[PDB]
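Next comes just one chain, in structure tokens: the form deposited in one PDB entry.
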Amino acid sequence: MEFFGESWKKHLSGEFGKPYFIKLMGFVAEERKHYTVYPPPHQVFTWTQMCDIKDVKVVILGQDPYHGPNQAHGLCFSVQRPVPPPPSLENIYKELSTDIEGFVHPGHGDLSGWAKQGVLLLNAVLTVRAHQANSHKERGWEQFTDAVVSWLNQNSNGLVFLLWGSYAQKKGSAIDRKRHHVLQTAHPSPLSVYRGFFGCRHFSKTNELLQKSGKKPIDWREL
């Protein structure tokens, strides 16, 4: 398993030999043989490269990777320079501008600076055929990313899960809320952002909740 962080591999590699995962890898490989699939192979598991699994403090669950050229890079919501922030990310930055007073839009969409601090930016589906939205859904990724969420749920303490939209909320429905904190609202995309996302103050609330378990806050400006 190339490009997969060692601390994550230690705890999740039990998935790799299961029939569903073998089937998944075979499918993705057959897709790559004939098509361009995003993100590129070295970025499928960026979320395992940015920080140690035990240093994860905050978990933001997404759905599918971006399917446009150069957009997906292995972190939900994020795009690498010089790709313009997509609409949902511009709205995330708008909420940061009022919640974390003094936050200035960084002029790019790369959320790596959060990932390094222990914000896990996990899509549920980790690849997509180029230009074809949701094309790799229901092929095995969901079970794998369920394993990731379940490991964190059972092994970590005092995480904050941010569940934006119904898909993410369903994926987080069995989180232990005595052990961790769950904040839920509408998705930040323009069609739903006015239905709860603006004003949610999840960024400030996250840091207040992290303090309850002695964790230093996320520096949301460090992008």
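We number the residues from 1 along the sequence you see.
Would you determine, from the values in the PDB entry, which of 201-209 and 15-23 has the greater average C-alpha temperature factor? Taking the mean B-factor of the alpha carbons in each, 15-23 is higher.
Do the CA atoms of 100-108 or those of 128-136 have the higher mean B-factor in the entry? Averaging CA B-factors over each stretch, the winner is 128-136.
Choose from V44, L183, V28, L61 the residue with the greatest Cα B-factor as stated in the PDB record. Of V44, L183, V28, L61, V28 has the highest C-alpha B-factor.
Could you look up the Cα B-factor of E222 in the entry and say which third of the chain it sits in: lowest, middle or highest? CA B-factor rank for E222: middle third.
Based on the entry's values, in what third of the chain does the Cα temperature factor of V56 lie: lowest, middle or highest? According to the entry, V56 has a C-alpha B-factor in the chain's middle third.
Based on the entry's values, in what third of the chain does the Cα temperature factor of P82 lie: lowest, middle or highest? It falls in the top third of the chain.
Sorting the chain's CA B-factors, does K171 end up in the lowest, middle or highest third? CA B-factor rank for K171: middle third.
Sort the modelled residues of this chain by their C-alpha B factor and say whether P188 lands in the lowest, middle or highest third. Bottom third by C-alpha B-factor.
This protein has a second form, the form solved in complex with a small molecule, left out of what is shown; the following refers to that one.
Can you tell me whether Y66 touches the small molecule? I mean in the entry with it bound, with a 4.5 angstroms heavy atom cut-off. Yes, contact at 4.5 Å.
Even though the small molecule is not shown here, does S88 get within 4.5 Å of it in the entry with it bound, heavy atoms only? Yes, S88 sits close enough to the small molecule in the entry with it bound that at least one of its heavy atoms falls within 4.5 Å.
Does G172 reach the small molecule in the entry with it bound if we count a contact as any heavy atom within 4.5 Å? Result no; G172 lies far from the small molecule in the entry with it bound.
Within 4.5 Å, heavy atoms only: does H187 come near the small molecule in the entry with it bound? It does: once the small molecule is placed as it appears in the entry with it bound, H187 has a heavy atom within 4.5 Å of it.
In the entry with it bound, segment of 160-168, 40-48, 174-182, 25-33 with a heavy atom within 4.5 Å of the small molecule: Going through the listed ranges, the match is 160-168.
Would you mind picking the one in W151, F103, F77, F144 that has a heavy atom within 4.5 Å of the small molecule in the entry with it bound? If I apply the 4.5 Å criterion carefully, the residue I get is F77.
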